[PDB]
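Shown next are two forms of a single protein chain, provided one at a time as structure tokens under the names structure 1 and structure 2.
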Structure 1
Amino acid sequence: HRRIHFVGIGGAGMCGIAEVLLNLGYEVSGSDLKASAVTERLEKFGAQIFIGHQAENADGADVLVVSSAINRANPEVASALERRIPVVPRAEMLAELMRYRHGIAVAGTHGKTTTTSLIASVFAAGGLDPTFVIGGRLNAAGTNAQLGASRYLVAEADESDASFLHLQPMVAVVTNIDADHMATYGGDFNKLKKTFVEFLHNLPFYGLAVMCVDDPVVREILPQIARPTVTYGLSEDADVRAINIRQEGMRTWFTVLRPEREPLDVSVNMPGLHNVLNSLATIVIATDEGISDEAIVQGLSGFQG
């Protein structure tokens, strides 16, 4: 049994992580400069809150989590370093949460956010109230529970993030592989691709890689993935395809083909083939997890944007 201490626990990227760790049964302390509604919610849920930073606050902690809005001069951080308490950046603790849950990592250079929201919206329609991560922030749409209560944790996987390769998902999506973040990889696009292969191999052999074969780069690395995979796209050779794409208003309709299933007519309130692809990835994941066709349709058509 361990105690995590958050430096700046009221920060908006930190509060959610604290509430999940409370939900997992850890002792959670935290320091902030201003008491707020957030720090009182955390206290109502079991967290020990301190106001103002002073080295005593870090006493007893087995780990420190520090935002990027903290200085090494901060007394608690300095005390932790002197006592050899490990100090972990906000983003790494966030990625670790996936080890305690059925993690669905949504990777890809673009469309991570929309695909994560669509997944959460479908799972919610199937009664699963999943916790999901968008832009470093934990949410659970209309949850009446603590963050993390669901079995399911759906998260953006950013290839530019230091923790990209420390995610431990059960399921991983790759929407596409662009060159926006070659900088993170010494400016070499081929090293960027090798990183997506390494990421998909953090999947266990019972896991699932959901791959957009409409991206030539994804199709290129596909033979390297020694994990169960399901492909999607408009490509006639994808496992899960969209056909008869049509419009009635700002609502896109299409028909999804799935192996050993009857064609399903869906609609999403979003334009452009890239959001059809984001729907297809969601349909692939929701179908693997066993969610009904009715919840898939309701989840997709309800999402606003």
Structure 2
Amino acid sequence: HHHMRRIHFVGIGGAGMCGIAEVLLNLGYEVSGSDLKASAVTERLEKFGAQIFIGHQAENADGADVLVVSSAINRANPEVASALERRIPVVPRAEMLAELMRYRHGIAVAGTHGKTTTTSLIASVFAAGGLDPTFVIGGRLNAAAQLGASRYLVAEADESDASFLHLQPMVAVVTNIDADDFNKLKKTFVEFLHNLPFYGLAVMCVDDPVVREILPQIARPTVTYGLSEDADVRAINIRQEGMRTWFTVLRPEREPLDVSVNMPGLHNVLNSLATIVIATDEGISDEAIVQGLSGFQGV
């Protein structure tokens, strides 16, 4: 009925691996893992319930329903070789990482520029609202308290990643689609957005020419943002004051809200606008949006 009970990580002390294991533990799965040396990472994992093996031997994979490996599927590893011989699924860590969105309210931040900063800004505003998300930057899981505890999983989505077209987010942001086959690149972003359920939300920067271009092709609920006169969630009254930028944000069915972001540059007004759309969608108060954006120090 449920065909994954025990997940085994080959190299579980690795920087991308330990976080995923911790989330799977918080989800209630049995997690085991092998690593070449014990560390604070593995010791923390066993206290969360991981079964830790030092060294690689075939028997370490016994009982596992699925194996997670760092990247390449290396049959020279005896744990992997045992799994493959017995037809146990072996998946790269990026695929298990994407899979985590199936269990959480996933917010995927895509686009050529601004993914990392916007992900960080969302995490800071959600923290100010007490929503304490787990968020993924550079393939590493962090919390804003065990990983995966929160209802929310905020993750950058890199268009060049093999897992990009397999995410199952509830909310997807596209900040821009930039040339830095471009037409195949556009279709990739359209297919990404159609992985939203019909009750999900596509958050689209209409200041970006290509995002605006593909907007009518997205058959999912949308909120647009930008400085553009037709953006649903719009920045006006922008006054750049040294290291902080003040602006008023217009939102559908809300009074104008005066905010500031504690970083200069017009692109950071855009990163903030994306964050505001998302925080607004989750019911975060004006006060928490103001504190998260203006209290922010950097990625």
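All residue numbers here follow the sequence of structure 1, with the first residue given the number 1. Each form is matched to the other, and the largest set of C-alpha atoms that superpose within 1.5 Å is called the rigid core.
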C-alpha displacement of 2 Å or more between the two structures on the rigid core, among 70, 38, 49, 238: 70
Per-residue C-alpha deviation between the two structures [residue 260; rigid core superposition; Å]: 1.6
Shift in Å of the residue 249 Cα between the two structures [rigid core superposition]: 2.9
